[PDB]
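**Q** Sending over a structure as structure tokens; questions will come in a sec.
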Amino acid sequence: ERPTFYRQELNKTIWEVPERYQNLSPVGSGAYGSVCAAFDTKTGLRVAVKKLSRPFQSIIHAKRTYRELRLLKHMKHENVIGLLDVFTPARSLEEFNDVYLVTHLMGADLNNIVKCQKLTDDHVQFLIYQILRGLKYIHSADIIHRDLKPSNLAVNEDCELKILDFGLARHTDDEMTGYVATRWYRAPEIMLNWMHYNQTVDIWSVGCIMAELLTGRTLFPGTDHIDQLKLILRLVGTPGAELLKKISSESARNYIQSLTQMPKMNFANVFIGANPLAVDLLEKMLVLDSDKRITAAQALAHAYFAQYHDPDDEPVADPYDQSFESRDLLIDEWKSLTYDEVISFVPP
Ligand SMILES: C[C@H](Nc1nccc(-c2c(-c3cccc(C(F)(F)F)c3)nc(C3CCNCC3)n2C)n1)c1ccccc1
């Protein structure tokens, strides 16, 4: 009883999907693959369908595809992208080669909200709350997004938000070069590889995002890596001695000690007119030393979100076994592991 499928040209490829999904129309494209919006007759819901490109072309690729499917299957939270269905035209591992992923259909992302909006301190409170609610759940399973930006944050008409982009291929060195938004939201510790980063790298991003919604301007519009580090240390001050030790990169640590020393600026004089609580929260998020940076769970209880905070409605995730990340397998084996994940999928 595998559903009956039907083929059709779209996004320069031959989409072969189950008849339940109708009216396939393209709404995107990149290296990862092409997304199509469609109508799910079985559920009456509008949906987005992503067809993966080159799923098992290399070992690094095959492992990537497995990581995404695994992360996507684990996610069961209102503020995190959900997997409504995952399918493949294949009828046996031997033919297996395509992978499709289905999720609800969202209207726009955070950049598409600021453009046609006047974000009030309440909206900002609401959007950041949701993000921290989702991160709490993500981090509780030792899952780190690593690349929070407005482009991977989706918002429906009601201002309800979801976190997207899990297990996507790493950004090329060229893609992080110059005056690009792809680097503006990264914590310095990973922007220049100071040390082995941890989950608070995401909090730094939330700070960059929140400020952007409060001011309407990019917080750290670096024109390149160095320029960006300067804008960052100008606002938060140069590293203290405790931090300098923590930086493994002998060269990076050596470089920093070359910059004229500077003091943390006064945020109340940087974000003029902002609610002092937002200002207090921002100073807690934008701390250079990732060990002293406020965590998501800790931020949810910050007074800034009192209007939305609720201890009993901010769930944690089930354990997530990611021991596969230190496993060496062949392309065929990562593929096979993928296939078991596809066929063993249980719709919500
Ligand atoms: C109109 C379109 N709708 C929409 N709805 C839900 C998810 C997505 C989606 C998926 C998507 C689609 C199907 C399945 C899955 C997965 F299952 F993998 F999670 C994800 N991937 C992306 C981007 C994010 C940035 N990097 C490139 C991909 N968007 C916006 N799009 C839209 C376009 C732009 C902005 C907002 C909405």
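Residue numbers start at 1 in each chain; chains themselves are named A, B, ... in the order of the structure tokens; ligands are numbered from 1 in the order shown.
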Among the residues of region 67-294 of chain A, find those DSSP assigns to strand (DSSP E) from the backbone and print them as a ChimeraX atom specification.
**A** /A:85-87,100-104,108-109,153-155,161-163
**Q** I want to know what sits within 7 Å of region 49-55 of chain A, based on only C-alpha atoms, with residues of the same chain fewer than 4 positions away left out; could you give that as a list in words?
**A**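 After dropping sequence-adjacent residues, the list is residues 32, 33, 34, 35, 36, 37, 61, 62, 65, 98, 99, 100, 101, 102 and 103 of chain A.
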**Q** Would you put the residues from that selection into a file with C-alpha atoms, as a tab-separated table (two decimals), in the first residue's frame?
**A**
```tsv
chain	number	residue	atom	x	y	z
A	32	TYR	CA	20.31	22.28	-0.95
A	33	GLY	CA	17.51	21.77	-3.46
A	34	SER	CA	14.19	23.21	-4.58
A	35	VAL	CA	11.05	23.85	-2.53
A	36	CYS	CA	7.47	23.70	-3.88
A	37	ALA	CA	4.21	24.71	-2.18
A	61	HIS	CA	26.75	14.53	1.51
A	62	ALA	CA	25.23	11.18	2.48
A	65	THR	CA	21.21	14.14	4.40
A	98	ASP	CA	15.42	10.78	-4.00
A	99	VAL	CA	14.18	12.22	-0.78
A	100	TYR	CA	11.30	14.63	-0.25
A	101	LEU	CA	10.43	16.51	2.92
A	102	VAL	CA	7.02	18.04	3.67
A	103	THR	CA	6.17	20.77	6.22
```
**Q** What does the distance from atom 22 (C, counted along the ligand's line) of ligand 1 to CA of residue 46 (chain A) come to in Å, to one decimal?
**A** 14.9 Å
**Q** Around ligand 1, out to 7 Å and counting only C-alpha atoms and all ligand atoms, which residues are there? I want them as an NGL selection string.
**A** :A and (27-28 or 30 or 35 or 37 or 47-50 or 72 or 81-83 or 101-109 or 151-152 or 154 or 164-165)
**Q** Point out the residue among A:189, A:269, A:198, A:231 with the least atom-to-atom distance to residue 253 (chain A), counting only C-alpha atoms.
**A**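 Using only C-alpha atoms, the shortest distance to residue 253 (chain A) belongs to A:189.
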**Q** Counting only C-alpha atoms, which residue out of A:162, A:217, A:42, A:7 sits closest to residue 80 (chain A)?
**A**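 Using only C-alpha atoms, the shortest distance to residue 80 (chain A) belongs to A:162.
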**Q** Mind checking which residues fall within 9 Å of region 115-120 of chain A, counting only C-alpha atoms, ignoring those fewer than 6 positions away in the same chain, and posting them as an MDAnalysis selection string?
**A** chainID A and resid 213:214 216
**Q** Write the selection just made, keeping N, CA, C and O atoms, as a tab-separated table (two decimals), in the first residue's frame?
**A**
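The result, stored in result.tsv:
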```
chain	number	residue	atom	x	y	z
A	213	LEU	N	15.43	44.28	15.33
A	213	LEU	CA	14.00	44.54	15.38
A	213	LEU	C	13.71	45.82	16.19
A	213	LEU	O	12.71	46.51	15.94
A	214	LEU	N	14.55	46.12	17.17
A	214	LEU	CA	14.33	47.32	17.98
A	214	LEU	C	14.80	48.58	17.27
A	214	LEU	O	14.16	49.61	17.37
A	216	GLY	N	15.82	48.59	13.73
A	216	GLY	CA	15.55	48.60	12.30
A	216	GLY	C	16.87	48.60	11.52
A	216	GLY	O	16.90	48.79	10.29
```
**Q** Do you know which residues are at most 12 Å from residue 254 (chain A) counting only C-alpha atoms, after dropping those on the same chain fewer than 3 positions away, and could you put them as a ChimeraX atom specification?
**A** /A:194,239,244-245,247-251,257-259
**Q** If you count only C-alpha atoms, which residues fall within 7 Å of region 205-207 of chain A, apart from same-chain ones fewer than 2 positions away, as a PDB file with N, CA, C and O atoms, in the first residue's frame?
**A**
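Printed below is part07.pdb as written:
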```
ATOM      1  N   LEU A 148      21.662  31.048  13.401  1.00  0.00           N
ATOM      2  CA  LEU A 148      20.409  31.761  13.511  1.00  0.00           C
ATOM      3  C   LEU A 148      20.578  33.079  12.781  1.00  0.00           C
ATOM      4  O   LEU A 148      21.605  33.748  12.953  1.00  0.00           O
ATOM      5  N   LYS A 149      19.584  33.406  11.949  1.00  0.00           N
ATOM      6  CA  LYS A 149      19.522  34.627  11.145  1.00  0.00           C
ATOM      7  C   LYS A 149      18.053  34.790  10.833  1.00  0.00           C
ATOM      8  O   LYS A 149      17.294  33.825  10.920  1.00  0.00           O
ATOM      9  N   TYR A 185      25.362  37.767  11.873  1.00  0.00           N
ATOM     10  CA  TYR A 185      24.768  37.271  13.111  1.00  0.00           C
ATOM     11  C   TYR A 185      25.567  36.209  13.856  1.00  0.00           C
ATOM     12  O   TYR A 185      25.082  35.649  14.801  1.00  0.00           O
ATOM     13  N   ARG A 186      26.798  35.946  13.455  1.00  0.00           N
ATOM     14  CA  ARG A 186      27.568  34.915  14.132  1.00  0.00           C
ATOM     15  C   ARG A 186      28.350  35.428  15.314  1.00  0.00           C
ATOM     16  O   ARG A 186      28.883  36.552  15.281  1.00  0.00           O
ATOM     17  N   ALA A 187      28.420  34.594  16.356  1.00  0.00           N
ATOM     18  CA  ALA A 187      29.161  34.928  17.561  1.00  0.00           C
ATOM     19  C   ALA A 187      30.625  35.041  17.195  1.00  0.00           C
ATOM     20  O   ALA A 187      31.131  34.286  16.393  1.00  0.00           O
ATOM     21  N   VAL A 201      26.254  30.157  21.386  1.00  0.00           N
ATOM     22  CA  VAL A 201      26.557  30.887  20.164  1.00  0.00           C
ATOM     23  C   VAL A 201      25.239  31.342  19.580  1.00  0.00           C
ATOM     24  O   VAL A 201      25.183  32.371  18.935  1.00  0.00           O
ATOM     25  N   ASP A 202      24.183  30.560  19.791  1.00  0.00           N
ATOM     26  CA  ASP A 202      22.847  30.908  19.270  1.00  0.00           C
ATOM     27  C   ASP A 202      22.257  32.116  19.961  1.00  0.00           C
ATOM     28  O   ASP A 202      21.552  32.889  19.314  1.00  0.00           O
ATOM     29  N   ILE A 203      22.506  32.243  21.277  1.00  0.00           N
ATOM     30  CA  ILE A 203      22.015  33.375  22.088  1.00  0.00           C
ATOM     31  C   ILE A 203      22.571  34.701  21.546  1.00  0.00           C
ATOM     32  O   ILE A 203      21.882  35.714  21.526  1.00  0.00           O
ATOM     33  N   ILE A 209      19.662  39.658  16.428  1.00  0.00           N
ATOM     34  CA  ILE A 209      18.340  39.745  15.818  1.00  0.00           C
ATOM     35  C   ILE A 209      17.445  40.733  16.548  1.00  0.00           C
ATOM     36  O   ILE A 209      16.892  41.643  15.925  1.00  0.00           O
ATOM     37  N   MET A 210      17.318  40.564  17.867  1.00  0.00           N
ATOM     38  CA  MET A 210      16.472  41.429  18.705  1.00  0.00           C
ATOM     39  C   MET A 210      16.792  42.909  18.530  1.00  0.00           C
ATOM     40  O   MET A 210      15.881  43.727  18.419  1.00  0.00           O
ATOM     41  N   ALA A 211      18.078  43.240  18.506  1.00  0.00           N
ATOM     42  CA  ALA A 211      18.505  44.610  18.345  1.00  0.00           C
ATOM     43  C   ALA A 211      18.038  45.129  17.003  1.00  0.00           C
ATOM     44  O   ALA A 211      17.629  46.289  16.874  1.00  0.00           O
ATOM     45  N   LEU A 282      19.519  42.554  26.510  1.00  0.00           N
ATOM     46  CA  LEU A 282      20.529  42.623  25.477  1.00  0.00           C
ATOM     47  C   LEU A 282      21.950  42.583  26.063  1.00  0.00           C
ATOM     48  O   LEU A 282      22.847  41.958  25.498  1.00  0.00           O
ATOM     49  N   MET A 285      22.692  38.987  26.849  1.00  0.00           N
ATOM     50  CA  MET A 285      22.916  38.142  25.685  1.00  0.00           C
ATOM     51  C   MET A 285      24.246  38.451  25.030  1.00  0.00           C
ATOM     52  O   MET A 285      25.059  37.553  24.818  1.00  0.00           O
ATOM     53  N   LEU A 286      24.498  39.726  24.769  1.00  0.00           N
ATOM     54  CA  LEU A 286      25.722  40.109  24.063  1.00  0.00           C
ATOM     55  C   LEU A 286      26.994  40.243  24.896  1.00  0.00           C
ATOM     56  O   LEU A 286      27.631  41.314  24.948  1.00  0.00           O
TER      57      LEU A 286
END
```
**Q** Can you pull out the residues contacting region 328-345 of chain A? Cut-off 6 Å, using only C-alpha atoms, and skip same-chain residues under 6 positions away; I want them as a PDB file with N, CA, C and O atoms, in the first residue's frame.
**A**
```pdb
ATOM      1  N   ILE A  59      30.398  11.021   0.653  1.00  0.00           N
ATOM      2  CA  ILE A  59      30.207  10.530   2.011  1.00  0.00           C
ATOM      3  C   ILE A  59      29.748  11.682   2.899  1.00  0.00           C
ATOM      4  O   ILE A  59      28.866  11.520   3.733  1.00  0.00           O
ATOM      5  N   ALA A  62      26.068  12.250   1.955  1.00  0.00           N
ATOM      6  CA  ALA A  62      25.232  11.185   2.482  1.00  0.00           C
ATOM      7  C   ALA A  62      25.052  11.356   3.996  1.00  0.00           C
ATOM      8  O   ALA A  62      23.965  11.141   4.531  1.00  0.00           O
ATOM      9  N   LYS A  63      26.112  11.735   4.699  1.00  0.00           N
ATOM     10  CA  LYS A  63      25.981  11.912   6.145  1.00  0.00           C
ATOM     11  C   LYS A  63      25.140  13.145   6.440  1.00  0.00           C
ATOM     12  O   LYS A  63      24.368  13.156   7.378  1.00  0.00           O
ATOM     13  N   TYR A  66      21.447  12.458   6.163  1.00  0.00           N
ATOM     14  CA  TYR A  66      21.015  11.628   7.292  1.00  0.00           C
ATOM     15  C   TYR A  66      20.844  12.522   8.542  1.00  0.00           C
ATOM     16  O   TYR A  66      19.898  12.368   9.311  1.00  0.00           O
TER      17      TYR A  66
END
```
**Q** How would you write, as a ChimeraX atom specification, the set of residues in region 13-245 of chain A that DSSP gives as helix (DSSP H, G or I)?
**A** /A:59-74,111-114,121-139,150-152,174-176,181-184,188-191,201-215,225-236,241-245
**Q** Which neighbours of residue 307 (chain A) fall inside 10 Å, counting only C-alpha atoms, when residues of the same chain fewer than 3 positions from it are skipped, and could you give them as an MDAnalysis selection string?
**A** chainID A and resid 122 125:126 129 303:304 310
**Q** Print the selection's residues with N, CA, C and O atoms to a file, as an mmCIF file, in the first residue's frame.
**A**
```
data_model
loop_
_atom_site.group_PDB
_atom_site.id
_atom_site.type_symbol
_atom_site.label_atom_id
_atom_site.label_comp_id
_atom_site.auth_asym_id
_atom_site.auth_seq_id
_atom_site.Cartn_x
_atom_site.Cartn_y
_atom_site.Cartn_z
ATOM 1 N N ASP A 122 6.064 45.230 21.947
ATOM 2 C CA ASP A 122 5.271 44.030 22.248
ATOM 3 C C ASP A 122 5.494 42.949 21.212
ATOM 4 O O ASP A 122 5.615 41.772 21.547
ATOM 5 N N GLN A 125 8.756 41.626 21.771
ATOM 6 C CA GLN A 125 8.720 40.740 22.935
ATOM 7 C C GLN A 125 8.207 39.386 22.510
ATOM 8 O O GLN A 125 8.738 38.364 22.908
ATOM 9 N N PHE A 126 7.151 39.391 21.708
ATOM 10 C CA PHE A 126 6.543 38.152 21.254
ATOM 11 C C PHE A 126 7.433 37.325 20.318
ATOM 12 O O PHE A 126 7.567 36.111 20.502
ATOM 13 N N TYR A 129 10.524 35.940 22.302
ATOM 14 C CA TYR A 129 10.049 34.944 23.267
ATOM 15 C C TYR A 129 9.948 33.574 22.584
ATOM 16 O O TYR A 129 10.506 32.579 23.058
ATOM 17 N N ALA A 303 12.453 39.298 33.098
ATOM 18 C CA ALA A 303 11.304 40.172 33.284
ATOM 19 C C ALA A 303 10.786 40.787 31.999
ATOM 20 O O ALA A 303 9.638 41.221 31.932
ATOM 21 N N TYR A 304 11.615 40.819 30.971
ATOM 22 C CA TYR A 304 11.185 41.419 29.718
ATOM 23 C C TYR A 304 9.990 40.676 29.117
ATOM 24 O O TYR A 304 9.122 41.286 28.504
ATOM 25 N N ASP A 310 5.827 31.489 30.818
ATOM 26 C CA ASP A 310 4.970 30.478 31.423
ATOM 27 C C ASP A 310 5.784 29.191 31.562
ATOM 28 O O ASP A 310 5.929 28.439 30.598
#
```
